[PDB]
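Heads up: the structure comes next, in structure tokens.
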Amino acid sequence: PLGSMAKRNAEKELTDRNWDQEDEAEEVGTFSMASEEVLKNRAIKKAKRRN
Amino acid sequence: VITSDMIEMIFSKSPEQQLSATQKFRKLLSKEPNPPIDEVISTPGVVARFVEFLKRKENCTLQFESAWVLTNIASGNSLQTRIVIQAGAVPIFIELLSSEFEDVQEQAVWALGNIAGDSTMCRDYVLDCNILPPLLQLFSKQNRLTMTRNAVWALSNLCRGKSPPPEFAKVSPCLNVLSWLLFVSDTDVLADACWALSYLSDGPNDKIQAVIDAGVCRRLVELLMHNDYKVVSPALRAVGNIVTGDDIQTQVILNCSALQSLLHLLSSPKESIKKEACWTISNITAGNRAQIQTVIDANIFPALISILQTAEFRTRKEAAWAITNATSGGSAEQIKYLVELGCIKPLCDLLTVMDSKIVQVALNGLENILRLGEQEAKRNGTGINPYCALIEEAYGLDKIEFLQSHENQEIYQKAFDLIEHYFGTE
Numbered sequence: 001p002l003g004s005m006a007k008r009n010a011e012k013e014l015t016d017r018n019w020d021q022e023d024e025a026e027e028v029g030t031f032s033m034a035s036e037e038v039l040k041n042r043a044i045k046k047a048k049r050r051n
Numbered sequence: 001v002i003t004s005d006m007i008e009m010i011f012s013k014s015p016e017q018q019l020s021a022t023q024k025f026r027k028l029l030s031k032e033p034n035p036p037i038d039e040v041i042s043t044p045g046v047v048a049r050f051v052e053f054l055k056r057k058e059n060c061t062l063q064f065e066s067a068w069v070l071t072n073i074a075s076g077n078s079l080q081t082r083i084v085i086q087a088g089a090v091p092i093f094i095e096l097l098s099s100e101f102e103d104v105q106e107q108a109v110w111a112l113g114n115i116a117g118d119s120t121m122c123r124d125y126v127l128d129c130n131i132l133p134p135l136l137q138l139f140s141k142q143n144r145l146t147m148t149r150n151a152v153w154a155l156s157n158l159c160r161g162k163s164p165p166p167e168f169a170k171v172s173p174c175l176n177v178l179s180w181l182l183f184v185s186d187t188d189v190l191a192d193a194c195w196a197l198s199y200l201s202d203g204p205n206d207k208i209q210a211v212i213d214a215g216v217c218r219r220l221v222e223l224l225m226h227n228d229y230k231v232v233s234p235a236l237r238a239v240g241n242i243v244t245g246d247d248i249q250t251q252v253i254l255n256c257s258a259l260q261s262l263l264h265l266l267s268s269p270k271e272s273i274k275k276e277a278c279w280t281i282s283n284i285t286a287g288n289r290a291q292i293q294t295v296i297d298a299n300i301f302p303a304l305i306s307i308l309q310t311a312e313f314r315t316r317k318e319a320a321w322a323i324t325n326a327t328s329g330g331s332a333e334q335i336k337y338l339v340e341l342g343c344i345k346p347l348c349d350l351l352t353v354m355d356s357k358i359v360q361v362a363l364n365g366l367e368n369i370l371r372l373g374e375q376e377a378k379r380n381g382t383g384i385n386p387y388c389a390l391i392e393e394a395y396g397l398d399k400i401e402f403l404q405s406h407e408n409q410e411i412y413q414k415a416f417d418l419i420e421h422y423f424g425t426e
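Residue numbers (this note's numbering), protein chains in the order written: chain C, 1 to 51; chain X, 1 to 426.
This is the structure:
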């Protein structure tokens, strides 16, 4: 939190022949799960709950 | 569709049959649906001839039609563009920029515009032929909308290209003219001026300073309030681009009161504008504490949160960045504030997303916050983190648990750490 580069350049270039296309439409989706084998491999945790 | 008569006249030595023929050509080549370009190009010497007609200093109408012809040939196909370049048109089109017949000038600038905008290769070639000085020289005098419209459009095409971009040193000399064009009333000249500025401002910090040094920021920011989406779009991007520079560069944009304009654009109907506005804001909330504060003060975060609940996903991605950026550069008091507006919830709902990236963004935001609540714990209480409860009730704790199944190892570990850290697991 002192001297990182948090700046992000634009992904695609925008042009006069390009700007108004209404591209695709993003699929929120679900995060990619790990392989069964890896899943058992690693140790999981059950968060202590309350309020 | 092409007769021998038209060919005989073209090659004869009377400037009358030559012109009459040339006209038949262009009129045919002006057929939208399929111009007989193949035949024209097929008959040998025809293109080379049209090129030689451009040299007729004494003949305005003949030069005008020949350039019109070569244009219909070149424009609309990379290969035939190559053929015309190969006959030597470009150096001559450039020559015609400085002729007494303005119509020839307009036509030449157009032609050159079309050629340079065909590809990276052609752009860099037309520049190597010094189109710039005479082209820029056109602006010097009071020229009709049409002459200006084509001129600035040419420049746009000469600045366009991200891979590879043109040698900056070759397109920068047009910066002054650009900033001047930002005060024209016409929305076409305005739009294309922004586009060129949009292009130049895209890249490293040294290039950004060049744009800034031309004195465009004020007018650029002023243009975000424009009514037409075709001039707001490129202006926004140029602005947005500039705030990818260092804190000092992006302060220049801030000092133009861009923030209230941006706030306005977050309500814009056009999703494209929203997204682009968040992206911009994101790059500002990625600056120093004071700049973050300016964003808060602009009363922007209320809108960013509602955007995280209403707007489209690809837009939300940007807004999520804005928040997390604030959370990592912001003060205890600043974070407390974002949380007060209920930013924990929107972040939580992004934990289980497809984009492995936005997940990390959401984890980073929630961590920073927890890091605060970890502070507030010891310094008062009954020291229990106030925030991991708010996270638990936003179903974030459930999602963080799940994330311990993510494909990405680093993400698995983060979720594992956050739990063992701020919550615990028997």
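The C-beta atom is built at its ideal place from N, Cα and C for all residues, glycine as well.
Roughly how many angstroms separate the alpha carbons of residue i and residue j, rounded to a whole number?
i, j, result
"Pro386 of chain X", "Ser261 of chain X", "35 Å"
"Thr425 of chain X", "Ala25 of chain C", "39 Å"
"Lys27 of chain X", "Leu70 of chain X", "12 Å"
"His226 of chain X", "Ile94 of chain X", "35 Å"
"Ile305 of chain X", "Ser257 of chain X", "21 Å"
"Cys348 of chain X", "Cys217 of chain X", "37 Å"
"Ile284 of chain X", "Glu37 of chain C", "43 Å"
"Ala322 of chain X", "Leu138 of chain X", "43 Å"
"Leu403 of chain X", "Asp213 of chain X", "47 Å"
"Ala151 of chain X", "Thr250 of chain X", "31 Å"
"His406 of chain X", "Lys46 of chain C", "16 Å"
"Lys55 of chain X", "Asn114 of chain X", "20 Å"
"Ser179 of chain X", "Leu254 of chain X", "19 Å"
"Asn77 of chain X", "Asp118 of chain X", "8 Å"
"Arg17 of chain C", "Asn380 of chain X", "58 Å"
"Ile300 of chain X", "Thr244 of chain X", "19 Å"
"residue 447 of chain X", "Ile335 of chain X", "Absent from the structure is residue 447 of chain X, since the part of chain X shown begins at 1 and ends at 426."
"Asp5 of chain X", "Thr43 of chain X", "13 Å"
"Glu27 of chain C", "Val353 of chain X", "9 Å"
"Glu11 of chain C", "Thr315 of chain X", "13 Å"
"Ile41 of chain X", "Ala67 of chain X", "15 Å"
"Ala116 of chain X", "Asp124 of chain X", "7 Å"
What would DSSP say about residue i, mapped onto helix, strand or coil?
i, result
"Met225 of chain X", "coil"
"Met6 of chain X", "helix"
"residue 66 of chain C", "Any question about residue 66 of chain C goes unanswered here, given that chain C covers just 1 to 51."
"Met147 of chain X", "helix"
"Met33 of chain C", "strand"
I want to see whether chain C comes within less than 9 Å of residue i, judged by CB atoms only; does it?
i, result
"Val353 of chain X", "yes"
"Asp202 of chain X", "yes"
"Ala389 of chain X", "yes"
"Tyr395 of chain X", "no"
"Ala320 of chain X", "no"
"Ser356 of chain X", "yes"
"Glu376 of chain X", "no"
"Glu410 of chain X", "no"
"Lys31 of chain X", "no"
"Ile41 of chain X", "no"
"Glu167 of chain X", "no"
"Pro346 of chain X", "no"
"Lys317 of chain X", "yes"
"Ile419 of chain X", "yes"
"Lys230 of chain X", "yes"
"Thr81 of chain X", "no"
"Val216 of chain X", "no"
Quick one: does residue i have its CB under 9 Å from some CB of chain X?
i, result
"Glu37 of chain C", "no"
"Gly29 of chain C", "yes"
Less than 7 Å between C-beta atoms, sequence neighbours within five positions excluded: which residues of the same chain meet that for residue i?
i, result
"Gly88 of chain X", "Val51"
"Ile37 of chain X", "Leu29, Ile73, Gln80"
"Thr294 of chain X", "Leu254, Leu259"
"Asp246 of chain X", "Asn205"
"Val1 of chain X", "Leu28, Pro36, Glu39"
"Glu65 of chain X", "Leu19, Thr22, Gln23, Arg26"
Please list, in chain order, all residues of the same chain as residue i whose beta carbon is under 8 Å from its beta carbon, the five residues on each side excluded.
i, result
"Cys159 of chain X", "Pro166, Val171, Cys174, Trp195, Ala196, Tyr199, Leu200"
"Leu112 of chain X", "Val90, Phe93, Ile94, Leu97, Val126, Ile131, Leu135, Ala154"
"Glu401 of chain X", "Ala415, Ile419"
"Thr146 of chain X", "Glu106"
Please return the same chain residues whose Cβ sits closer than 6 Å to the Cβ of residue i, not counting the five positions on each side in sequence.
i, result
"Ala277 of chain X", "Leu262, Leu265, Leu266"
"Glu374 of chain X", "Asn385"
"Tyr229 of chain X", "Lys270"
"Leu182 of chain X", "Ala193, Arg219"
The ligand FMN and residue i: does the residue's C-beta get closer than 8 Å to at least one heavy atom of that ligand?
i, result
"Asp38 of chain X", "Absence of the ligand FMN from the depicted structure is noted, as is the absence of any ligand whatsoever, leaving it without description."
ask   = the stretch 257-282 of chain X: which residues have C-beta closer than 8 Å to a C-beta of chain C, in chain order?
value = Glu271, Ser272, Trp279, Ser282
Contact residues within the stretch 176-206 of chain X, judged by C-beta distance below 9 Å to chain C = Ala191, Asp192, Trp195, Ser198, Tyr199, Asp202, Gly203
inquiry  = So if I threshold CB-CB distances at 7 Å, which residues from the stretch 143-162 of chain X count as touching chain C?
reply    = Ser156, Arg160, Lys162
key: Contacting positions in the stretch 44-66 of chain X - beta carbon closer than 9 Å to chain C   = none
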